[PDB]
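Here you get one chain, nothing else, as structure tokens; it is the form deposited in one PDB entry.
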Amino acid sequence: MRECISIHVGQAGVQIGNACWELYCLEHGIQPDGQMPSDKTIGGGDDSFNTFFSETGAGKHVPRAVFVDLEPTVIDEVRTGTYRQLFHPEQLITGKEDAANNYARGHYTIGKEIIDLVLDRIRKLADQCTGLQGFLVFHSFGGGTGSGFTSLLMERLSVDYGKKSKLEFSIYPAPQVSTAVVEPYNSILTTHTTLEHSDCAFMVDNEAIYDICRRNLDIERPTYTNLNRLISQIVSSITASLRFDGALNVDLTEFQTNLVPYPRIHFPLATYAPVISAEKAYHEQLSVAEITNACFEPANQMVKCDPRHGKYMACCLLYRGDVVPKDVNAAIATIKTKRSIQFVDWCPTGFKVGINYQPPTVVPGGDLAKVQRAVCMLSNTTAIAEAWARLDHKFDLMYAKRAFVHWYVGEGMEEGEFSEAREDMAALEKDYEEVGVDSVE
């Protein structure tokens, strides 16, 4: 009855989606071929909820997902993988050529000739949805497709569906680590064209997750599989309230209401506290208070910033498993007494709490321990302003020389648009500076 449509854009989006749908299938008992063997014990039962999986007459469960990367390699890895029989064959490739880390290509030149097909498939998938809530868009700043085509898709979805929630899971560029030299241009242009259309953008950083895996999980050499598994756990924590019973439910429209004070500052950070190996799962209690304290440690944040350099505007704590509301109350009360954790005066409330009975799954072949309770946190802070400013400085250092700019104007873009984007980014910075100021009367 409830449902949401996941959209995976680019290589990062597709691989995160692979992790996410592996986790979902394990959570609901779906086999890789789409069959649910739990029907052999409880015929007609509901272990696979139709928030994500559409059921056919034969008993096959089809995920409500759309995959796009403008390149055949990543999707072809799915079509010949272990989950080839799960997804509908309409996994979309306009890969006659990729975007080449170019915003213009994935938005103006090659982003067209696929957009109509993608929106047609999204329309077909939504027409089966009796009570669609919103879209979960997975992409990455810095790529060609993930920036440009995601901006175009968000622009078209804002017209086709209007006041429908559009949550984004985006890979922010790291302060130091990067795999391309044109990440600032793509990120700035994406943000400029995306601010007016998204409702809430959950942000993670690969460098921070590398640090988390190194310190907490004792993985010296993590690949993207570990990062995608952690992001999958976070997404599962966010969407658990639509699927399983709980003491306190959270709908998809609740996140934007609670985490977004003003329209232009909808950039919360995400973190997942009980990241621990099986060996270190012993020797600790992993109580509600300890995990909630771990949520607020700067070391455990998944965006390379420090909340201590700013003020908390909003916080949303989603609990899973053997969690009692009294313990959550005591933990948040303990957090509110810390002088190192500041909140803006215009928000004396701060916290939202959700509680769910379903604990997380083990994902065999993974690295996380089987903890019997867990917490995800979504925190909107002003410290993210720093993470913006660095990009802006980087942008300037290139744009003063017009480095790599000809690749963008060679695909239909006008030079002045660069400046216009940067200016919109300046205003955004100022907005943060105006938001985190003590009021007077």
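The term rigid core refers to the most C-alpha atoms you can superpose between the two forms while keeping them within 1.5 Å. Note that residue numbering follows the sequence shown and begins at 1.
One more form of this protein, deposited in another entry, exists but is not displayed; see below.
Peer 1: Can you tell which of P173, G144, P307, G366 moves its Cα by 2 Å or more between the shown form and the other one, with the two forms laid on the rigid core?
Peer 2: Per the superposition, the moving residue is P173.
Peer 1: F244: with the rigid core matched between the shown form and the other one, does its Cα shift 2 Å or more?
Peer 2: True for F244: a C-alpha shift of 2 Å or more.
Peer 1: Using a rigid core alignment, state whether the CA of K280 is displaced by 2 Å or more between the shown form and the other one.
Peer 2: Comparing the forms between the shown form and the other one, which are aligned on their rigid core, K280 does shift its C-alpha by 2 Å or more.
Peer 1: Can we say the CA of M36 moves by at least 2 Å between the shown form and the other one when the core is superposed?
Peer 2: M36: C-alpha displaced by 2 Å or more between the shown form and the other one.
Peer 1: Given that the distance between the C-alpha atoms of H283 and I276 changes by 3 Å or more in that other deposited form, do they end up closer or farther than here?
Peer 2: Pair moves closer in that other deposited form.
Peer 1: Between the shown chain and the other structure, the Cα gap of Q176 to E429 differs by 3 Å or more. Is it closer or farther in that other deposited form?
Peer 2: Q176 and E429 sit farther apart in that other deposited form.
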